[PDB]
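Below are the chains, spelled out letter by letter.
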Amino acid sequence: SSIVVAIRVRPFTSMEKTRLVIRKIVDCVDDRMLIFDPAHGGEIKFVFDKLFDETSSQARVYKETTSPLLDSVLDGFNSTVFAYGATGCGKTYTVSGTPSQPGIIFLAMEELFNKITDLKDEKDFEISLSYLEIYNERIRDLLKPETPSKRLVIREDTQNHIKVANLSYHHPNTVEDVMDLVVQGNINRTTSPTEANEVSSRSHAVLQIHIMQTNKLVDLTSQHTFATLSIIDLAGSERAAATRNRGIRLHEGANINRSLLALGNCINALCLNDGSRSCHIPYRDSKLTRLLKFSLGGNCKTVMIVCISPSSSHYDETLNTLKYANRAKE
Amino acid sequence: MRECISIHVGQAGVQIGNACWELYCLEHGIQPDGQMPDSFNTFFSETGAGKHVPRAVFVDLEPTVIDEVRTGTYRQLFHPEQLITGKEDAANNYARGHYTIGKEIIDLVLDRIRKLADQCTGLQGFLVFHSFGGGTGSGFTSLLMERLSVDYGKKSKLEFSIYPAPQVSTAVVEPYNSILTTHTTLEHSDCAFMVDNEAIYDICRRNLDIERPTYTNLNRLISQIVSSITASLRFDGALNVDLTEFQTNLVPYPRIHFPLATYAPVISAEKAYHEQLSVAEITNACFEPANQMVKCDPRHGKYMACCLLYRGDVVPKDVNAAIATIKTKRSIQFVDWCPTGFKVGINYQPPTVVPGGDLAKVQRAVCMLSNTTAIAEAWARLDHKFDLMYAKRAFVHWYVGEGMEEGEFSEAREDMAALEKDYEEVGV
Amino acid sequence: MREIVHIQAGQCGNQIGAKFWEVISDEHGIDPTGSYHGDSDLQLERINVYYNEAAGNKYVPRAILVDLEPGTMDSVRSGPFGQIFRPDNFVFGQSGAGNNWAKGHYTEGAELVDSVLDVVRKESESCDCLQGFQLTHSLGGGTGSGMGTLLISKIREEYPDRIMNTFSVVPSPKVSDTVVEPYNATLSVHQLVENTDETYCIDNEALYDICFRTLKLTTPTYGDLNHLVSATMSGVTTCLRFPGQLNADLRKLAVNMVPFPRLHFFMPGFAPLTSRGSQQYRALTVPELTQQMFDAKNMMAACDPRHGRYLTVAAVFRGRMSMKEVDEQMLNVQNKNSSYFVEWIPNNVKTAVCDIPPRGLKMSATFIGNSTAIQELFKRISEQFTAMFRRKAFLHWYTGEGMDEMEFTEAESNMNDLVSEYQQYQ
Amino acid sequence: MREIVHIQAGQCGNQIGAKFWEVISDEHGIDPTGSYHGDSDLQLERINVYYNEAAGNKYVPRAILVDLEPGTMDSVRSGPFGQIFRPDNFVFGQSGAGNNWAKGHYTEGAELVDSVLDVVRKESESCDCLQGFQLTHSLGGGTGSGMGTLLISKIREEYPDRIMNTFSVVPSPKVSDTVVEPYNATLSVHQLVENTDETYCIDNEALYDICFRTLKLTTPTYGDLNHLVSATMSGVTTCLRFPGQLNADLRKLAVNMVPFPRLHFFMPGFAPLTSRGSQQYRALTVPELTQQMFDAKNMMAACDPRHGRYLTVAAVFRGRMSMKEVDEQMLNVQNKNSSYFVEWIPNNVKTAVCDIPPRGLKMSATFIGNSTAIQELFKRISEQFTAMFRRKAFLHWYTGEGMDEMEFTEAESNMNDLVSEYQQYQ
Ligand SMILES: Nc1nc2c(ncn2[C@@H]2O[C@H](COP(=O)(O)CP(=O)(O)OP(=O)(O)O)[C@@H](O)[C@H]2O)c(=O)[nH]1
Ligand SMILES: Nc1nc2c(ncn2[C@@H]2O[C@H](COP(=O)(O)CP(=O)(O)OP(=O)(O)O)[C@@H](O)[C@H]2O)c(=O)[nH]1
Ligand SMILES: Nc1nc2c(ncn2[C@@H]2O[C@H](COP(=O)(O)OP(=O)(O)OP(=O)(O)O)[C@@H](O)[C@H]2O)c(=O)[nH]1
Ligand SMILES: Nc1ncnc2c1ncn2[C@@H]1O[C@H](COP(=O)(O)OP(=O)(O)NP(=O)(O)O)[C@@H](O)[C@H]1O
Ligand SMILES: [Mg+2]
Ligand SMILES: [Mg+2]
Ligand SMILES: [Mg+2]
Ligand SMILES: [Mg+2]
């Protein structure tokens, strides 16, 4: 139903360890409360739906955060995964990243396959994967960008079924190869080696799991069970100059900020509408939010997973990031 | 010794500058080509015999305004490395002024500022002119002031800003720029001034009897105000108040950057023959809302500080009597913690008026610099207008499309709330 | 700096554009040979914005004529523009779309656009500092709609930071010229709202009422319609070309025109609209200008502002004026008509005053209204679209171009969403 | 010093050469009698390069006409050149090759060449400091191809340190004149690549497009084709004949033209190509020149540069120009079009500016492009060669001259290797 706001802090690295003796900008005091200040207006308190930090394994984060969303997908309606951060805070990392690390993508597939094996006697699992890339207000096939970006019918059925162009859809049969498709997408994904966040996700991405189940039993209704799971990656956000942004570099920053603005506006409107008696959200304002027409604010449950960088070098960024997450709910 | 560097960031500041340097020329006897027929060194520098040129930097991303200067009277005065032009406009957008475009001109600007600073012997400080509405006026001013702090540290920096009127507005996203900019002002300015076009328009209409008010004569009033403020350094009178001295008297607490500059007496060139403009009479006028340069009502707040800069045929004795009179006026409420909150300057240099406007030339004038707590009310109005638009994030995409972060607006707004709270606390 | 590349897509765009360039040339003292015979400095001060000064001091409009029907070129070239417009700017095919958006967009237009963009790029390189593009056309179909749409998309892709400004003739509600106006408009608008930054809604029917009733004219011709449109176009970039007492110019204006990316369809108006006889009973003051400027009857789009709410009104003045005089009228109007403005937008009217009046006038003012009442245009067109589409009437003229009902359905759906957004902001 | 011996091999070479010598004579104020009636010093300063000042101050072109078909001489001599060209320069046989490379090379040409070389040697001795040779001809066959090839080989042997510069008409891809163009071109090119130092690829088809489309002409004649070619030839040695602000001249240029001995086949172009009408919309500035000069559509060879990579572009300018203006355009072009230039060659465009513009122009520029895209010419010709050769079509016309399939096979093989080398450098 309502959007869950979950937040996790990325640990300190040699970029901070060689700085040490420096102060942590994030003071997590319990599972919902963060304190964020060194005094400029005094201790700034935030209350969230679920907090995590550098001591909590991403595997458990998944289990509490998006593992229930995987269940939500098959509760008669679909479900999706959102996130937020200030470029370089963890968004991409938390999907798994390191091969020894279980994360959102890895465990979503692994858990699903275990359920598939057990539930194969109840329903069949015809599943196809879609890889979308969002760059400069253009939607491309993330896995295979060679496909003309014009080829995408961003539209839904009157039944809220996904009715888009012939994207390079792929069936899953394991976790590794599926993640390899995600990686290959990220390989073909537009980045910027010139940025500090080595291989920053300059373009956004949607990993859409199309689940077309069918009833193993024969009955009067004989209706299939279509549902989907989306794992969404973003370009995070940067300063208006972001250190001498030049030409298209600045333009890219603007476009991802526009995308997140529209997304944030739609989230804000949605949470304001979650309480009211209307839901006028201009999803048209961005091809991303158009794609997310039902992902954000349709018949679904979701989560906003915010990645936090406690480094003293990112005080103001995290300051707004936490206030942003709060605003997203409020 | 005592020298000033003026920086005209906004075209409001440029047109004010045009009026100011026009005035300075008349006051020092300097022609449009720099020809003179001394203390002018504070504003002009000799570049060869009979070639005195203005120590000022003009910054525009929109050469049209500069071209008006380059094709105007003082094209023979200002030289090519003062009149700095850019390429793209700031689109009334703090994000573009501070970042997108301004980041590519600030380097040039600073180099020219450094040049003038190297040419100075007793730099007193900088005189920055701008608005809270324009993109360069807002964003670039913010960019520049940050850089000036880096380069010159504690060197005095004045911000002569145009303050968005409570009714007479021109643009729609004025609140956006004003809120972001004022944050920076509080961070970097050493003393800030606010001018309300609406207040002056009514002053012109009433006190000057002007049927059709506009910027031309409005700016002339501003130039009288600024001239009066700087008169104490450029002219040797009785009580010469320095910029540090202004801070000493006008700042009781670091953040108090309001001092409303009220010029009296705003008399039309007609009633002046019937106006018995004594020191006391003029003083009486300057302490009224009738001559206040920002729409407000000081009688609902408290006077933290009040500096009266008298100019021309002014006698200390008569001034003291006038002050004592003011002190007995219950309509003027000073803060309890500053029983001595009065400062007097007296400069023996008759008020100079430039042909081309009304403002009758008088033998006596006073510039009141008033730090009255009531200004928080004006700030509240600005904040409210901001909130109205901000609540719907209206026009926010124009800033975000330049890479502006939402938190920049949120944080600046919070600082503006604190500013008013500071005015609330000193009222106690 | 700040050069503008003008494109004339279609016969409507060519005829309006020709009138526009007549007006601009007249204002800047440039005759039909390209020779400048003015008397000011300001006439050349920003002449670069619109003209290339060719060898011999011949000012050539930075304008490209785009068309699928030869002879259309001659409908302009055979006039004064045979010496004004460059031969390389007459870029056209030899087919014609026949009021078919798809033909002028997917097929016939797609064949032409390669050579158009080549000329566009030439001008892009010729410019010292391109401010943006300006397209004049129509939603009637064919070139203006299809080719205009195509060009916007292609050019926007090339110059994502220099979005094209569009002056487009919209569908009239009574005065119809063809049958498939709903198709061509719906398909074009679907694309336009995604690509354009500012669109001016030009309705011949409303203009007909202005010419006939406001200007007291006999038989309003296309030249009279274009007189009104070109007057608007000149006003829009007067502050660009000329100096005033303040100045938010073109992009500086744009920032204050709309609080949202999509709702950028404006109604244009012109204050000083009156018969020569009735001028003798009128006074040259801004109060008279504003009473005419804010008159819904003088709107150049056939939608009555008062039915919706104003997000903002730009009031661009021309001629020596008092800022107090102007702004007081602005305040009086917003206060008195406050019921028609959006409550939560502090200032609903923007002031811009340039000191250079129109030729033949002592003063003027340009009205650019952002009102949700324009939704009536889109709503009615959508209804007419439905009326035809529901039966697949004339559908085969577009499916022969490779189109499908899905595309049509989406275009309709999108316009409906646009109307809803106006209703929401209302 | 620095004299050039020109040879006109074949009717094509004679007609082009005649046009060339018309142009040069015109530029240097020399009328058809040989009399000089100019007004500068520079017109005579290096007149020795191209002319012998005969008794009576009659400037006689240092040019030799070589031919196998009497009457060809008269096709030039009957014009102004009856008083310009020397009778001893009209060196010809009385047979004709009939578009047969072998006839004009092994047999009929071999009979003539003895008397040609005798005249060549006369001019060699007449020269004070021979800079090199210049041959104009064609790959169509017969004299131009066969006799041209023969002369190059023979003269190269005599003057291994003064390699002949060649302007040769190449085979068109659509506009064919005869059937055995693949044979004659293949056989000639096989030899040319081994003997010549610089070859200009002149394609009538590309020139036809220039004349018709770029120059907006009706019916492009051979004289119009030659106008373009002779314009190039004049440009190539303008810096030789005239002074500038710097100067790398002819051989100094050549050193910077190619990084390899074999890949010396260049595409020529001319900047100022426009109709008299369209000139009125153009500006006299190097930015306009470079936009036209770097336009692939104005190439005089039918290969689109952009399909390959540039080893280098020579940009030779004529007229008073700013070095900053020129070089900034050069830099802007290489940067913007960097994707079409070879990565590992720092400077891919060479600047040379002579201060003496063409007669009738205020300024101009000559394009000489070393691009691998020219491989398309050689590839397509080889394919056409294969098409015929594989069947031994027309083969007997050459085996009757003592040729064999081995020679043909080798000529084809060699051209294929040449194409491969372009692909490698691409
Ligand atoms: N306001 C104006 N409307 C015009 C003018 N000329 C035509 N139109 C209107 O535009 C429509 C006709 O449009 P066009 O000739 O531009 C169609 P286009 O040439 O673009 O494509 P084709 O179908 O290939 O002719 C129709 O509604 C006319 O009534 C004009 O000068 N002003
Ligand atoms: N660019 C030009 N091409 C020409 C010209 N004259 C001829 N040609 C082309 O050259 C070919 C004809 O060549 P030639 O008359 O020179 C053959 P040549 O006399 O050398 O030997 P024969 O076979 O003995 O005639 C053909 O492709 C013509 O279309 C010209 O003036 N310019
Ligand atoms: N008092 C006064 N106000 C002015 C004058 N000119 C402009 N303004 C005000 O200044 C604000 C507009 O800012 P500008 O200074 O024109 O803009 P800018 O600083 O040039 O910034 P950009 O043009 O956006 O780069 C509005 O509030 C105007 O009313 C003037 O001569 N006097
Ligand atoms: N919890 C973590 N533990 C260890 N390393 C981390 C963690 N979070 C992030 N990183 C590292 O920081 C670099 C990642 O930035 P991520 O890739 O986390 O940035 P991002 O949020 O996807 N940036 P952006 O794409 O611009 O929005 C990666 O190489 C990670 O290994
Ligand atoms: Mg990432
Ligand atoms: Mg400005
Ligand atoms: Mg037409
Ligand atoms: Mg012959």
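Residues numbered from 1 in each chain as written, not as in the entry; some residues may be left out. Chains lettered and ligands numbered in written order. Part of a larger assembly, values for the part shown. Heavy atoms only, no water.

**Concerning the overall build of chain C**
This is how the line gets drawn: Each helix is a run of H or I in the DSSP string that is no shorter than four residues. Each strand is a run of E no shorter than two, and both are numbered from the N terminus. To get the radius of gyration, use the C-alpha atoms; to get the globule rule, take the number of residues to the power 0.38 and multiply by 2.2 Å. For the exposure calls, accessible area comes from a 1.4 Å probe over protein chains only, and a residue counts as buried if that area is under 20% of its type's maximum, exposed if over 50%, partly exposed in between. Any two residues whose heavy atoms approach within 4.5 Å are treated as being in contact.
Summing up its helical and strand segments, chain C has 15 helices and 12 strands in all. Relative to the 2.2 N^0.38 estimate, which gives 22 Å for 426 residues, the radius of gyration of chain C is 21 Å and therefore close to what a compact globule would have. Projected onto its principal axes, the C-alpha coordinates of chain C cover approximately 60 × 55 × 45 Å. For chain C, the residues scored as buried account for 65% of the 426 residues in total. Sequence separation of at least 24 residues holds for 81% of the intrachain contacts in chain C that already meet a minimum separation of 6.

**Brief notes about the arrangement of the chains**
By number of contacts, the leading pair among the four pairs of chains in contact is chains B and C. In this structure chain A stays clear of chain D, and the shortest span between their C-alpha atoms is 14 Å. Contact between chain B and chain D is absent, and the least distance between their C-alpha atoms amounts to 19 Å.

**Focus on the nonpolar core**
Soluble globular proteins: nonpolar side chains tend toward being buried together. Here is the rule we go by: Nine residue types can take part in a nonpolar core, namely buried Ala, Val, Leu, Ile, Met, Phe, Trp, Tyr and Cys, and a core is a set of them joined through side-chain atoms within 4.5 Å.
Core analysis: the largest hydrophobic core is formed by 246 residues, its most contacted members being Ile229 and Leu369 of chain B together with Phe378 of chain C. Once residues within four sequence positions are removed from consideration, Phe378 of chain C is found in contact with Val189, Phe265, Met415, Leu418, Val419 and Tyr422 of chain C.

**Overview of the sheet that holds strand β3 (residues 33–35) of chain A**
The line we're drawing: The criterion for strand pairing is that DSSP finds at least two bridges linking the strands in question.
One open sheet accounts for three strands, arranged β2-β3-β4 (chain A); its pairing is antiparallel. Whereas interior strands pair on both sides, the edge strands pair on one side only; in this sheet they are β2 (27–28) and β4 (45–47) of chain A.

**Some points on the site of ligand 1**
Residue and element names in this part refer to chain C. Note the cut-off: We define proximity as follows: a residue is near a molecule or strand when any one of its heavy atoms falls within 4 Å of that partner. What qualifies as a polar contact is a pair of N or O atoms within 3.5 Å, subject to a donor-acceptor requirement within protein and to the restriction that residues adjacent in sequence count only when both atoms come from side chains. Each residue receives one of three labels: charged for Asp, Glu, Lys and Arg, nonpolar for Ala, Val, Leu, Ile, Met, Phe, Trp, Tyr, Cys and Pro, and polar for the others, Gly being one of them.
Around ligand 1 sit 18 residues, and of these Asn99, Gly144, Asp177, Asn204 and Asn226 come closest. Contact distances for ligand 1 include 3.2 Å between an oxygen atom and a backbone N or O atom of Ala97. Between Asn204 and ligand 1, the recorded distance is 2.6 Å, taken from a side-chain N or O atom to a nitrogen atom. Mapped by element, the contributors of at least two residues to the shell around ligand 1 are α1 (10–27), α5 (142–158) and α8 (222–236). At five residues, α1 tops the list of elements feeding residues into the shell around ligand 1. Residues of the shell around ligand 1, tallied by class, amount to five nonpolar, 12 polar and one charged.

**Here we look at the packing of helix α5 (residues 135–152) of chain B against helix α6 (residues 174–188) of chain B**
Residue and element names in this part refer to chain B. Note the following rule: A fitted line through C-alpha atoms serves as each axis, taken over the contacting stretch for helices, and the angle formed by two N-to-C directions is quoted from 0 to 180°. Convention used here: angles under 35 degrees read as roughly parallel, angles over 145 as roughly antiparallel, angles from 65 to 115 as roughly perpendicular, and any remaining angle as oblique. Crossing handedness is defined as follows: a turn of the near helix away from the far one that is anticlockwise and smaller than a right angle gives a left-handed crossing, while the clockwise case is right-handed.
Across the interface, α5 lies against α6 with an axial gap of 9 Å and an inter-helix angle of 15°. As summarised for this structure, α5 and α6 are arranged roughly parallel, according to the angle between their axes. Handedness of the α5/α6 crossing: left-handed. Counted together, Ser138, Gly139, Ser142, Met145, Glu146 and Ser149 of α5 and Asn177, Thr181, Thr184 and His188 of α6 form the full contact between these two elements. When its residues are assigned to classes, the contact of α5 with α6 shows one nonpolar, eight polar and one charged.

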